[PDB]
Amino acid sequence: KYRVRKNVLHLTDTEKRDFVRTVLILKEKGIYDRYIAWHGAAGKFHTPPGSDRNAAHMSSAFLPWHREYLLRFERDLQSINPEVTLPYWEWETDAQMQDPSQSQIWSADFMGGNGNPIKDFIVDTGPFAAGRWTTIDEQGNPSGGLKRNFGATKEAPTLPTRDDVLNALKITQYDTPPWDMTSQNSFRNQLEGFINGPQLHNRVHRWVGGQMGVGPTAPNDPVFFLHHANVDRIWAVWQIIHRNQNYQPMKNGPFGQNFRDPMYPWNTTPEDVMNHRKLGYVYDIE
């Protein structure tokens, strides 16, 4: 309840400067790379093998997986700078703008801007511009630059709306069998965005483009964590609202998806991260 995750737009220039600096440090130290690989590994871990579901996506573990993932990242920032916490990108408000790409999150002192269509959508502004920040491909080999291409996709010309987010918060069950991308009247499948996809979470990735367009390379873009911080806030808000609801499946789901299963690549369980306050953080909106 001490660490407070703030909205990006409420950040002081110094806070924004300190977040970036710490992320750059994690990168230099070789720590940042551990996160990208954990994510890649996870999406490759199929539950069960042959199934669509994996440890980190397309099933019930989606929400807790990333919560643990973000918890570990924040602790790592914290080891560098005890004053630094993970902010969130409230994409639903930016979506209200005439031109969302005009959001302050993309300023040169923070995330940097859109991709340069002359350099194949390589990002050349900001702290994470090519030549300042090295990227890795799916194979673990250098890929040579952050790429972004906002709203370029026919399927996802726009970010998700405030109404889209409110409509997910109305769903009663955390998830429903068969605990996959076809799960109906499920908050998890809804938020993840497979209901008439891409919506919500999935929709943000498609809208951002570049590495953020494809799962395995998503975290190469530091905006990945800001986005997942916002996703985690929505879940946390749901938990407050539907407080007689609990995680599902409690059992009989596939191994890795149940309440008390370890979440590959770690030993952490969904039970372990069910209460975010217990983890030592809370979002501003409280």
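Numbering starts at 1 and follows the sequence shown.
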(request) With reference to the PDB entry, specify whether the mean Cα temperature factor is higher for 267-275 or for 7-15. (result) 7-15
(request) Give the stretch, out of 219-227 and 46-54, with the larger mean C-alpha temperature factor in the deposited entry. (result) 46-54
(message) According to the Cα B-factor stored in this entry, which of the following is highest: 77, 156, 200, 129?
(response) 156
(request) From the list 190, 167, 135, 139, select the residue with the highest C-alpha B factor recorded in the entry. (result) 139
(request) Can you work out whether the C-alpha temperature factor of residue 258 puts it in the lowest, middle or highest third of the chain? (result) lowest
(request) Report the third (lowest, middle or highest) to which the CA temperature factor of residue 117 belongs, ranking only the modelled residues of the same chain. (result) middle
(request) Taking the chain's C-alpha temperature factors as the reference, tell me which third residue 244 falls into: lowest, middle or highest. (result) highest
(message) Quick check on the deposited entry: does the C-alpha B-factor of residue 93 sit in the lowest, middle or highest third of its chain?
(response) middle
(request) Could you look up the Cα B-factor of residue 86 in the entry and say which third of the chain it sits in: lowest, middle or highest? (result) highest
